[PDB]
Every structure is written in structure tokens, then in C-alpha cells.
Protein chains: 2
Amino acid sequence: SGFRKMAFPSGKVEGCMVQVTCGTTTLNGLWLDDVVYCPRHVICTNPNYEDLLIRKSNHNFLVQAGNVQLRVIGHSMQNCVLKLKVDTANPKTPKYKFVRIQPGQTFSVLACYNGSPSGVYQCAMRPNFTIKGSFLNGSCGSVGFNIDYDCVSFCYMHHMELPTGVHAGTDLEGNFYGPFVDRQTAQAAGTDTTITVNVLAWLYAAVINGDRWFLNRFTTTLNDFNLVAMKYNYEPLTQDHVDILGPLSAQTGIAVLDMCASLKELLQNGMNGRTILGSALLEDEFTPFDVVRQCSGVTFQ
Amino acid sequence: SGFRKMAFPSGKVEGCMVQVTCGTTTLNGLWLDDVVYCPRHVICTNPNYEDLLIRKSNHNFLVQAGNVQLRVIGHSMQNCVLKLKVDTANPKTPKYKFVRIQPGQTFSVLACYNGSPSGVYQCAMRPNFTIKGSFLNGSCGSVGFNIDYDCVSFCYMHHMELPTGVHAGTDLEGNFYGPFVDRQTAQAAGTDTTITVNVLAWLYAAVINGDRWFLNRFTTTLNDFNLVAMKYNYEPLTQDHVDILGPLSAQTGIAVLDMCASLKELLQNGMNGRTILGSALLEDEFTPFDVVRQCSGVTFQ
């Protein structure tokens with residue numbers, strides 16, 4: 001029992017973090033097989049990165065894997081990431097994939113400075129393709145990831161902080177999440193919404209943990225819920241969302257649309273000083289998979 | 001910027017987790033050098049563990065380090081933990097210590113099933129020596145820890161869930177935190193309090209991140225604060241607590257006792273629907289060290 005913002009064990013990823021230096025810029029890189037991936041705004045000198053990259057040569061890139069120096073034998077650009085071919089394959093390379101996530105999905109972040117891991121936290125890709133992260137200067141290049149049995153699914157690389165303090169970055173092929181670019185502009189985050197299907201999974205997690213003050217006798221159709229959802233800046237609930245919540249509806253015996261009627265009442269009335277799972281807010285950064293994982297027993301390695 | 005419940009990178013500890021089996025009991029063990037530590041209620045058959053331990057022999061303990069089996073050549077009891085001497089020293093043994101923490105201090109938990117790590121989360125030792133953890137059957141033997149540069153300070157081993165859903169366990173010498181025992185009794189948690197010095201460190205973290213709606217013109221002496229603290233079930237604030245908050249008081253230019261006057265007002269009025277650092281509750285599971293670490297840039301390895 002208990003319910004915590006849980007992150008995946010981070011060892012498999014710690015073994016791939018390196019430090020990349022060129023010019024007077026230093027940031028973190030990801031070392032898989034004989035490639036080191038890192039953000040491309042590490043290269044020298046309003047930009048035009050194909051121009052600046054033909055100006056450098058391999059020997060400008062200092063790559064530090066611990067004490068050991070790594071010899072850069074080739075380079076290339078993939079969208080907003082740089083791939084530095086080195087002459088050594090990382091012996092600690094785990095089985096891995098590069099996958100792009102959808103807003104609403106969660107991942108773990110291994111925040112890093114100078115290639116040294118600092119901390120690990122869980123977070124979600126906001127509906128406006130930002131993440132509410134925790135990052136200080138030099139955290140560029142830190143990656144986000146999920147783990148599925150033994151396989152590391154890399155989904156995010158950190159690039160920049162936005163005016164409001166949220167963060168933006170790319171998948172591992174270098175394509176940004178959201179309408180952001182790796183140059184100085186006036187870019188800001190769009191207006192965000194609350195991830196409805198996640199709030200309902202969290203409500204199921206509370207029920208599974210003995211909080212029940214918020215359920216109700218009522219029910220509702222999908223249409224009349226979404227009428228109330230839109231009013232409070234909540235994402236729309238789809239029939240597929242109802243399907244994904246199915247297993248959690250079964251485990252507890254509360255029908256998905258009954259839980260919705262309960263969320264309706266919560267949105268309309270507030271909480272009256274009570275808390276759910278130790279929170280006085282409705283939490284939207286747990287998916288249905290996250291809840292099933294933390295209340296059934298699933299491990300990895 | 002941003003502020004997250006951050007846990008230490010867990011790789012160094014993942015390399016020490018093993019599975020321990022005897023009888024029909026299976027739980028997790030910690031493998032350092034040529035010893036495996038695990039809870040003693042793994043042994044066979046209201047107890048009397050010195051009795052039951054003279055009944056077993058080495059060959060009853062099945063120790064699995066991945067696929068590799070580990071050969072138990074000796075055993076002994078240290079308070080509520082068991083030490084199983086094996087014939088192999090763990091090559092992945094990090095530099096480490098065993099240290100006992102004080103209520104109010106934080107650590108990271110690597111939750112484990114069958115020796116396989118499942119997740120990592122941050123938490124605090126409640127003033128009543130329980131922790132609000134997240135654990136399912138088979139998580140016995142999971143450890144908590146801090147990391148200081150390269151050194152792993154092991155402070156907790158998980159043993160049992162209490163009636164209210166909180167958790168209890170021991171340090172690594174086998175001495176329990178709190179008045180709990182590893183046998184079936186009616187034991188319950190004492191009444192808890194809120195960790196005042198941590199709430200103030202969290203308020204500084206909000207200020208450092210641009211939340212300032214809650215400060216105030218007022219001030220207060222230590223005595224008149226504690227008069228209000230005790231009323232709301234808050235720990236007493238000591239002169240030493242004021243000292244530890246010093247650096248954070250300097251960085252922001254808010255005097256420690258000014259921040260107290262602000263907490264006084266928050267306790268007396270509530271929050272009026274506003275939030276601090278994304279929370280509608282006052283958070284007490286960040287220490288002054290935690291805040292300085294997450295808003296200055298300190299790494300490990």
C-alpha cells in the first residue's frame with residue numbers, strides 16, 4: 001500500500017551518460033554503441049547549424065566518459081541532435097529503442113551535470129508539449145526514458161527552459177516536442193489543459209488505497225461529463241480512455257462513468273479541506289499503466 | 001528552475017540487490033563485499049529467532065544474484081537483520097557506510113521484488129519513526145539510502161506495513177526505527193507531527209522559484225511562532241533549525257523569522273485556493289540540504 005510518484009531505476013541509463021565539450025560549451029551526451037548523442041547547440045558560434053557544422057572537425061569535440069577520454073572519429077547532424085561517432089562501443093550499452101511519446105504519457109528523467117548524474121524524478125509530457133521539470137544550467141542533454149522488462153525506451157532529450165519555467169526538448173531523432181526551436185526567439189508555451197484520463201486513474205488509485213469519501217451514487221454519460229470537463233479546462237474523455245480504464249474499473253467495481261460523475265462533483269464543489277492520496281489537488285501525472293504497475297507488483301531488469 | 005521530489009540515481013544500489021529464499025519465503029537482500037543482508041523473519045517457522053536460527057544450516061538459504069547462484073558459507077544474526085556470508089565478494093560493491101538517520105531527514109527508496117528493482121522514490125522518516133512508503137508483498141528487504149559524492153550511505157531496510165498503511169523497518173545494523181517489532185502484535189503508529197523546519201525550507205524553494213504571494217511585512221520571535229506551531233501539530237523550531245536555514249535566508253534576503261511570520265499566517269488563514277510549487281498543501285518532506293542541492297547544482301558519482 002501507499003502511493004508515490006515513482007521513477008524507474010536509473011542504473012542502465014547512468015552507464016551511458018558522458019560529458020561533451022567543444023569551444024567553451026559543456027553539456028551531457030548519451031553514449032550508446034559507438035555513437036554519442038547530444039544537443040546540436042553545442043557547436044560554435046540567430047544560427048544556421050549546417051553552416052557551423054562544416055566549420056568544425058572531429059578534434060574539436062572533447063568527450064569524457066568518466067576519467068577516460070573518448071576519441072571522436074566522425075560527426076553528423078540529425079535534426080536538432082548531433083551524433084558523434086567515437087572509436088569505442090559502450091560496454092554498458094543496454095538493450096534500447098528510440099520512441100516518441102504522446103502528451104499525457106509519463107517518463108523518468110535522469111538529470112545530469114557534466115556527465116555526472118544528479119537525481120531522478122518522474123514527470124509527464126504536458127498537453128502543450130512542455131514538461132514541468134527541474135533543471136539548472138548544464139542540464140542540457142539529460143534524457144528521459146521508460147523501462148520495459150530489460151529494454152530502455154529513450155523518449156526525451158532536454159534542450160531549453162522557457163519563460164514560464166517549464167522545459168522543452170526533443171525525441172532522440174532530434175525532432176522537438178511542440179512548436180519550439182533551438183534558437184533565441186520569443187517562444188512561449190501554449191495554454192495547458194488537465195489530463196482527464198490520468199485524473200481518473202489517480203482516483204482509482206485512491207480507492208484501491210482506502211480513500212472513498214469522493215465517490216457517489218450518481219452516474220453520467222460521456223457527453224454530459226465532457227460538457228463539464230471543457231468548462232474546467234480538462235481534456236476530453238474518449239471512448240478509448242474508457243476502455244483503458246477498464247481493468248481498473250473491474251478491480252474496484254466502480255464503473256468508469258460512475259467515477260466520472262464523482263470527478264464532476266469534485267470539479268464543481270472542490271474538496272472541502274479533505275485530501276486524496278495525500279494531495280489537496282487532483283493529480284494528472286499518473287497514467288492507467290502507472291497505477292496498475294504500482295498496485296499489482298510489476299518489476300523490470 | 002522547477003522543483004520536483006527528486007531521488008538519488010539508484011544504479012550503485014541496483015548492483016547490490018539479490019534474492020534470498022529459505023523455506024517458502026522469498027524477499028530481497030543487500031549484497032556488499034561477501035555478506036548478504038536481509039530481514040531475519042525470512043527464517044522458518046510468536047517467534048524466538050535465536051531458537052529458529054540454530055535449527056537451519058547454510059544450505060537452506062538460496063541466494064540468487066541474477067542467474068548466478070551464490071553459495072552461503074556462513075550465517076549470523078545482528079538484531080533484526082540476518083547476515084549470510086557467501087563465498088563471492090560483489091564486484092559491483094560501491095564505497096558505502098551504514099548510518100542511522102533522525103526523524104525529519106530524507107532518503108531514497110529502491111523498491112524491489114525478487115531481487116529485481118522496480119522503482120525509485122524519495123521520502124522522509126516521519127517524526128513517529130514510520131515512513132509513508134509505497135510497497136507491495138515481496139518488497140521486504142528493499143533498502144533506503146543517500147549518496148554523497150561517490151559514497152552510498154545505507155540508512156533503512158524495509159520490514160513491515162502497519163495497520164494505517166505506513167511502513168516500518170530498521171537501520172542496517174538491525175535496530176528498528178520506532179517502537180515496532182518483527183512479530184505479529186497490535187502495534188500501531190504514534191500520532192505524527194509536521195516537520196516545521198522542512199516546511200520553511202520548502203517555502204524558501206518557492207521564493208527561489210518565483211512564488212511570493214505568501215510572504216509578509218510582519219515578523220515574529222521564535223517563542224510566539226512555536227506558540228502557534230504547537231497549536232497546529234507542528235514540530236518545535238529550534239535555534240539550530242534557524243541556523244541551518246541561514247544560507248537559504250541569505251540567498252533570498254528573507255530573514256528566517258520573517259518566513260516564520262509568513263508560515264504563521266498561512267497556518268491561520270489557509271491558502272485561499274492558491275498553490276505553492278504546484279501544491280495546495282504545505283510540504284514537509286524537503287530538508288534544507290535537499291533545497292540547496294536542487295537550487296544550486298550539486299551532483300554525485
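When reading the values below, keep in mind they use all heavy atoms of this one structure, side chains included, and skip hydrogens, waters and symmetry mates. Letters go in sequence order (proteins before strands), and every chain restarts at 1.
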Write down the atom of A/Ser118, the atom of B/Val298, and the distance for their closest heavy-atom approach. OG-O, 3.1 Å

For B/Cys123, which atoms come within 4.5 Å of any heavy atom of chain A: side chain, backbone, both, or neither? both

Looking only at A/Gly133, A/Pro9, A/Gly119, most heavy-atom pairs under 4.5 Å shared with chain B are made by A/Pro9

Would you say B/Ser10's side chain and A/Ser10's backbone share a donor-acceptor pair under 3.5 angstrom? yes

Looking only at B/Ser116, B/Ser279, B/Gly273, B/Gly165, most heavy-atom pairs under 4.5 Å shared with chain A are made by B/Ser116

Flag if over 12 foreign heavy atoms under 6.0 Å of CD, B/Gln184: no

Is it true that a side-chain atom of A/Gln122 and a backbone atom of B/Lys5 form a donor plus acceptor pair closer than 3.5 Å? no

With only heavy atoms counted, which part of B/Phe3 is less than 4.5 Å from chain A, the side chain, the backbone, both or neither? backbone

Is it true that a side-chain atom of A/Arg4 and a backbone atom of B/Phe135 form a donor plus acceptor pair closer than 3.5 Å? no

By a 4.5 Å heavy-atom criterion (distance strictly below it), what part of A/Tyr113 contacts chain B: side chain, backbone, both, or neither? both

What pair of heavy atoms forms the shortest contact from B/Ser1 to A/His167, and how long is it? O-CE1, 3.4 Å

More than 12 foreign heavy atoms under 6.0 Å from CG of B/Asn137: is that the case here? no

Do A/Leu281 and B/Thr275 pass the side-chain contact (heavy atoms from CB on, under 4.5 Å) test, and can you show the C-alpha distance, the side-chain angles, and the key distance before you say yes or no? CA-CA 9 Å; A/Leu281 297 184; B/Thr275 61; 3.9 Å; yes

Of B/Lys12, B/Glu14, B/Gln301, B/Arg293, the largest count of non-hydrogen pairs under 4.5 angstrom with chain A goes to B/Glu14

Gap separating the CD atom of A/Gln294 from the OG atom of B/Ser134, nearest 0.5 angstrom: 3.5 Å

